[PDB]
Structures are given as C-alpha cells and as structure tokens.
Amino acid sequence: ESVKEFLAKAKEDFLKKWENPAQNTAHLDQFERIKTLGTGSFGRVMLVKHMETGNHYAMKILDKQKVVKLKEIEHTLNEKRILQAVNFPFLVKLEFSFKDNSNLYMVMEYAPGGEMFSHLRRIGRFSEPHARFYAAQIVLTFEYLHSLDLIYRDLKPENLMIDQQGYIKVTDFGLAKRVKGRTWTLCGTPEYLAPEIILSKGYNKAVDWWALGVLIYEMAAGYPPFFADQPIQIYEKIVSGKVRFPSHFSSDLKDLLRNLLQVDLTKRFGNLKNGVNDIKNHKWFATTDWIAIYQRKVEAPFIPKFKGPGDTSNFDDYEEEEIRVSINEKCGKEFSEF
Amino acid sequence: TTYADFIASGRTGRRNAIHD
Ligand SMILES: CN(C)c1ccc(O)c(C(=O)c2ccc(C(=O)N[C@@H]3CCCNC[C@H]3NC(=O)c3ccncc3)cc2)c1
C-alpha cells in the first residue's frame, strides 16, 4: 500500500531480473511504425502498433554502429538492463526488447500526454500545487530507484512523460546506472548537473536530489535556476551556487530549494541520515498524501486532451527516416547481452 | 525580466545530455 511496503518484494523482484535479464522478446515485423515522437544521439522513439494485439507502444530504435563510434556501449547496455528490471507506477514500462543486424529496439509503454517539457514551455510556469503534484511522484520514484542502488542522472521535463490520467512516467534511462558508492562519469544535462559532477569529484545518488531542486525551480519559475547560452557559462553559475528566486515563490518553496540546491553534501536534503524523509516531511509538502500519490488517487491538475488510440497531438513533429537493416550483422559481440 | 531573458536565450528548446 505504501511505497516502503512495496519496496521489500520489489527489491527482490528487481535483483532477480537484473541478474538474469530478458532478451529477444519480440521482432521488428510484429509492429507497424507510425510516427517519430522524439530523437536522440543514436536514434529515435516512434509510435508503433503491435499488429497482433492492436496495442500502441513507443519504440526506441538505436543504431549500433553510432553507439560504438561515440563510445556509449556501456550506457546503452545499462539503459536496457535497468529498464527491463524495474517496475514502478511512475516509470515507463518496457514491454519488449530485441535487436537485429543494425539496430537495438526497446518497445516501451506509450505515454500519450506528451513530454512535461512541451506543456511547461507552452503554459510558461506551473502553480506551486501543480509543480508539487509532479515533484511528489519524482520523490517517490527516486526513493524506489535509489533503494535498488540506481542513480537516474537525467532528470528534466524532457524525460517526464504525462500519461492519460495526468501522472508522470519517467523515460530515457540512458544515463541510469547501478552503483554502490561513488561514480565518475561527466554526464547529464548542463542545467541539471550537480556541482560535484562538474568538479570531477566522484559522486553518488545525491546528484538526483540536486536535480530535483532544479526541476522544481524550473516547474515553478518557468526557467531553470542556472541558464546561459554556453554550457561552460552554466557550469560556472552552478559551482558558484548563488541561486536567486522569483518573488512569487512561497517561503516554504524557497526553503526546500535552498536545501536541495545545496553545494555541501553533508547538508543536501536527500543525502542526510534521515534520507527521503527530510524532503517528504518538509513544510512545502504538508498537503501531500504520499500514499494517495503512490496509489494514483489524487486528481491530477492537468489531464491531456487525447483523441483516441495512436493520436499524437501532444507531440511535436519530427522528420521521418526509413529504418535500415543491413544484410550483415554489426557489432554483435559488443551488444551480446542486449 | 528573468523570464524575458530566458525566452531570448538559446536554451529554451529540448536540451541534450553531455556524455562520456
Ligand atoms: C549515452 N547516450 C546519451 C545515450 C544513451 C541511451 C540512449 O538511448 C541514447 C539515445 O540515442 C536516444 C535515442 C532516442 C531518444 C528519444 O527519442 N527519446 C524521446 C525524446 C527525447 C526526450 N525524452 C522523451 C523520449 N520519449 C520517450 O521515451 C517516450 C516514451 C513513451 N511515450 C512517448 C515517448 C533518447 C535517447 C543516447
């Protein structure tokens, strides 16, 4: 019933799937490809329809050659191994995965409400209650992921899908990693990077809590706390850490954000002995029923308009490309475990 | 205003990750 209650069995389930991942559970010819919903470095996500069931899904297609070239094999293997092992209401569900001579495929649940990013940019900013509804789901999601020793490392509105009920599905696990203790890769999105990432220090799950501070600020303000035209200028602002707030931010919101956007690790909320409860019991979340959120019993502030299955009105248009499959297998050993 | 400065910036579209 509560998230903590769920965690007992959930960790056991996750570890079993993590240790013995599912492979090769569909084939490309089982899906009709409809429309591109998004792109990334090595490919794209398309709306597809599973011909046997008629169900719609969001299929990520990655070009193996492009991945190897840019030396991102391990991160792509992390993405799939983690996604196939997790199970949480606010995470996109992986339904199938497979590979062919050219590409890697992950067939995920389709979130027809589109990206939070789209709605946030259009509307400008969210009210504090609206932002708080979303933030609470992220707090619960990180409680889950962190309990499994997973760091997510790419929180931003672009990666927070909205489902038919107005709830979040976190997607794009390309930077997610299972690590006990510290890791060192300089990765993430500039606006969302914790100072310790930028300073090449070694870092832990506390970076996700820093990023939560950036997300809540951006949701409530309409712009992130640190922005500039060049990433290097953004990094300088982050390490300096001198956040200023809009005058419309409540006192409680500002206090929470000062504790999340905390450069000092012995002081950052989410990274103290009391863990997630420093955040859950903060005054800004006084109206939040954590069990009701987890059980999706709270009426969402925003429900996307949805004109039947396969409608994509909540997504931007992208240039379409033919999916090419070589007659020769590419990079087979590198992606053996996929 | 800060909002106007943001909207005039080069970082209001979808943001890419950086990566090793
Ligand atoms: C190491 N690098 C950074 C890396 C690691 C793992 C990866 O999968 C990639 C990729 O090449 C990649 C390829 C394609 C995408 C992609 O199109 N994702 C879309 C658009 C970007 C913003 N996030 C939302 C995402 N869309 C969805 O995931 C989605 C899910 C459910 N329903 C609809 C859509 C994302 C990443 C790149």
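Counting convention: from 1, in listed order, for ligands and their atoms alike. Chain A is the first sequence line, chain B the second, and so forth, proteins listed ahead of strands; every chain is numbered from 1.
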Considering the heavy atoms of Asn159(A), write down every atom of ligand 1 situated less than 4.0 Å from one of them. 22 (C), 23 (N)
Between the candidates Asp172(A), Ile18(B), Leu83(A), which shows the shortest non-hydrogen contact distance to atom 18 (N) of ligand 1? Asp172(A)
Checking a contact table here: which protein heavy atom is nearest atom 24 (C) of ligand 1, and how many Å away? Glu158(A) O, 3.3 Å
Please confirm whether the ring centroid of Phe96(A) lies under 6.0 Å from the ring centroid of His50(A). yes
Minimum-distance protein heavy atom relative to atom 16 (C) of ligand 1: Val45(A) CG2, 3.4 Å
With a heavy-atom distance limit of 4.0 Å, tell me whether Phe315(A) approaches ligand 1 through its side chain, its backbone, both, or neither. side chain
Are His282(A) and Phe269(A) packed together at the side-chain level, in the sense that at least one heavy-atom pair is separated by less than 4.5 angstrom? yes
Note: heavy atom closest to atom 26 (N) of ligand 1, options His19(B), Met59(A), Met161(A), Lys156(A), belongs to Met161(A)
Around atom 32 (N) of ligand 1, find the nearest protein heavy atom and jot down its residue, atom name and distance. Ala111(A) N, 3.1 Å
For ligand 1, is there an atom lying under 4.0 Å from some heavy atom of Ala17(B)? no
I'd like to know if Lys17(A) and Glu19(A) make a salt bridge, using a cut-off of under 4.0 Å between side-chain N and carboxylate O. no
Can you confirm whether or not the ring centre of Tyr110(A) sits under 6.0 Å from the ring centre of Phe315(A)? yes
For atom 10 (C) of ligand 1, grab the closest protein heavy atom and report residue, atom and distance to one decimal in Å. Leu62(A) CD2, 3.7 Å
Atom 20 (C) of ligand 1: the protein heavy-atom neighbour that sits closest, reported with distance to 0.1 Å: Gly38(A) CA, 3.6 Å
Report yes if the distance between the aromatic ring centroids of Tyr192(A) and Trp210(A) is under 6.0 Å, otherwise no. no
Does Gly174(A) reach ligand 1 with a nitrogen or oxygen that is under 3.5 Å from one of the ligand's nitrogen or oxygen atoms? no
With sequence neighbours excluded, tell me which residues meet side-chain contact (heavy atoms from CB on, under 4.5 Å) with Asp20(B). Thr185(A)
Would you mind writing out the side-chain donor-acceptor pairs for residues 220-234 of chain A within the sub-3.5 Å range, not counting sequence neighbours?
from: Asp229(A); atom 1: OD1; to: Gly10(B); atom 2: N; distance (Å): 2.9
from: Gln233(A); atom 1: OE1; to: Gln230(A); atom 2: N; distance (Å): 3.2

Heavy-atom nearest option to atom 2 (N) of ligand 1, drawn from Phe42(A), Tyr110(A), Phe173(A): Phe42(A)
Mind telling me whether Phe142(A) and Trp209(A) have parallel, tilted or perpendicular rings, with 30° and 60° as the class edges? perpendicular
Closest non-hydrogen protein atom to atom 36 (C) of ligand 1, residue and atom name please, with distance? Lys60(A) NZ, 3.5 Å
In Å, rounded to the nearest 0.5 Å, how long is the span from CZ of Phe6(B) to CZ of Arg121(A)? 4.0 Å
Worked verdict on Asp252(A) versus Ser250(A) for side-chain hydrogen bond (donor to acceptor under 3.5 Å, both in side chains): CA-CA 5 Å; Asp252(A) 291 340; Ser250(A) 70; 5.4 Å; no
Return the closest protein heavy atom for atom 8 (O) of ligand 1 as residue, atom name and distance. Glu79(A) OE1, 2.6 Å
Considering only heavy atoms of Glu109(A), which atoms of ligand 1 have at least one such atom less than 4.0 Å away? 31 (C), 32 (N)
Pick one of side chain, backbone, both or neither for how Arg14(B) approaches ligand 1, counting any non-hydrogen atom pair under 4.0 Å. neither
N or O pair under 3.5 Å between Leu37(A) and ligand 1: no
Plane angle bin for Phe173(A) and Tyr152(A) - parallel if under 30°, tilted between 30 and 60°, otherwise perpendicular: perpendicular
Number the atoms of ligand 1 from 1 as they appear, then name those within less than 4.0 Å of a heavy atom of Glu72(A), with their elements. 1 (C)
When the aromatic ring centroids of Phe133(A) and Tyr167(A) are compared, is their separation below 6.0 Å? yes
Give the numbers and elements of all ligand 1 atoms closer than 4.0 Å to a heavy atom of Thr39(A). 14 (C), 15 (C), 16 (C), 17 (O), 20 (C), 21 (C)
Of the protein's non-hydrogen atoms, which lies at the shortest distance from atom 28 (O) of ligand 1, and what is that distance? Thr171(A) OG1, 2.7 Å
